[PDB]
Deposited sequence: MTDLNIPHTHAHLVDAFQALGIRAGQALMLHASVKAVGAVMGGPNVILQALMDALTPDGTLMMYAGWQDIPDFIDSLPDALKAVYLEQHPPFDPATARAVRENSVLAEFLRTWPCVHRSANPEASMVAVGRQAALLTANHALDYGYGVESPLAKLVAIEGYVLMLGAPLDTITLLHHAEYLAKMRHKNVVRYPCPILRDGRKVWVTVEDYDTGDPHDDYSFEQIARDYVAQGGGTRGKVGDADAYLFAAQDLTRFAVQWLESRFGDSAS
């Protein structure tokens, strides 16, 4: 066994974020495992407070939220059960829809922050605070939620960064944007979703690339590990966690080239 630490302070997390390369005004997408950072004096919100302190109010912080309770599976239910879901399941409400189960404690904290913004796409919904929170989350199209009209696309375009805080590299949502952009020999295209329109629940059909299964013989772990191996990003400790800092545009470029050279029209 390994015993818990004396709790990390706000100031010592700011120092570590800066030592890693976080700079004022950057736009960051964070993937974190809170337990991996270790005990923090004041709890997990201090992680976010420290990171925004390193970024200043001129910086921007975004996290993937999705929607834990999306009823995207109801076509597989028998007719009577499906009818029950159609009538009784709540719509996606950006104010109260809970983020996906894993590695999302900080996303849920971010939702109680004043001036938080949440994008409109339920399954692909992102949350953000800071200078470009509105810009990044605006007009997130319902179809192809990781594509050209996504917060991921905008993060790449404003040359933001991805910060890994003890989360496995294959949870980098940006890699779904690489899948979207890459010209590949086989893609799976897929579902119902209740949303709010003028304050009333309406069911819509969302069209997207499948993001549950890969489009071919690969895994996100493979791409990311290949990226780190070739020098991508910077590394450093943040609390007890091993942290990685990646340029969004570079990683996206690398991943699209990775996918196209194996399964693309250049293979």
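- Annotation: deposited residues 191, 269 are not represented by C-alpha coordinates in the model.
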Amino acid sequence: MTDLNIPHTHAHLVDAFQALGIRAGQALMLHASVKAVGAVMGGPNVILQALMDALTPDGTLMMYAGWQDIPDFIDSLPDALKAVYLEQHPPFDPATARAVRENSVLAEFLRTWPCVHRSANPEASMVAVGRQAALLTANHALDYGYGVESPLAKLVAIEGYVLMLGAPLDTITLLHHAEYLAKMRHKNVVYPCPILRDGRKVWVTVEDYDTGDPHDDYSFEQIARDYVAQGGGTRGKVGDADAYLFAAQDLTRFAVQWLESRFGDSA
From here on, numbers count along this sequence of modelled residues.
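Whichever C-alpha set is largest while still superposing within 1.5 Å between the two forms counts as the rigid core.
- After a core fit, the C-alpha atoms in 6 other deposited structures of this protein lie farther on average from the shown form in one of 99-107 and 86-94, namely 99-107.
- After superposing on the rigid core, the larger RMS C-alpha deviation in 6 other deposited structures of this protein belongs to 108-116, the other candidate being whichever of 108-116 and 157-165 remains.
- The question of which stretch, 222-230 or 36-44, has the higher mean Cα B factor is settled in favour of 222-230.
- Between 175-183 and 79-87, it is 79-87 that carries the larger average Cα temperature factor according to the deposited entry.
- Among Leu61, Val202, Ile70, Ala65, the highest C-alpha B-factor recorded in the PDB entry belongs to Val202.
- Annotation for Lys237: CA B-factor lies in the highest third of the chain's modelled residues.
- In the deposited entry, the Cα temperature factor of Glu123 sits in the bottom third of values across the chain's modelled residues.
- Ranked against the other modelled residues of its chain, the C-alpha B-factor of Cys115 as given in the entry falls in the highest third.
- Among the modelled residues of the chain, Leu152 sits in the lowest third by CA temperature factor in this PDB entry.
- In the deposited entry, the Cα temperature factor of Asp53 sits in the middle third of values across the chain's modelled residues.
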